[PDB]
Each structure stands twice: as C-alpha cells, then as structure tokens.
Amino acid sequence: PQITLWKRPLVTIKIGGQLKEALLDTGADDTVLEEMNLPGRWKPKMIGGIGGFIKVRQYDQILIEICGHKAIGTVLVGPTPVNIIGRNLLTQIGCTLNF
C-alpha cells in the first residue's frame, strides 16, 4: 500500500506470536521494540538517539510480519517509547520513499 505522513506511520506487526503497533521509520538503522520477553539467546547492545544512548537486548533472525509482509532480521528490545521498524527490515518488505 501507500502511507501518507500527516500522522505517524503506525502499522500492525506480528512478532513472537503477538500483535503490536509499530512505527515505519526510515530514519532508523535498526528495529527497536518495547520491552518483551522473546525466547532464545541475545547479546547486550547500546543504541543512540537524539538524546543519548539506551541499553537494549539484540536478538538475531527474528521474524516480523509488517502489514502482511514478512521480514527476518535483528531486533533490539529495550525501554523505547515506541516500537520502531528500521531500515534493516523495511528493505525486506520493498519499502520506498516517494515524492
């Protein structure tokens, strides 16, 4: 589909057997989701935003379905105010900016 930017581009995602709302974020290198208890191994990581850095848990080869489009990649989990779908997954669903 096509998504205008009058409002935040929020969509439904499916991850780890749960439905959530997440922000399609072309300004994000990585995908960062709100605290959730995903199974399997993880590694500590630090990611920076405009205000500084936060600690997150890095999970690899995680499946996320974004508006019916599936993507598999690295997902970071930590105290973020919003679920962020970043370019590592947006590329996999064929997402482009157009003007």
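Quick note: we count residues from 1 along the sequence shown, nothing fancier.
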If you average the Cα B factors in the entry, which is higher, 85 to 93 or 11 to 19?
11 to 19
Between 23 to 31 and 59 to 67, the record assigns the higher mean Cα B factor to 59 to 67
Ranked against its chain, the third holding the CA B-factor of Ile54:
lowest
Assigned third (lowest, middle, highest) for the C-alpha B factor of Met36:
highest
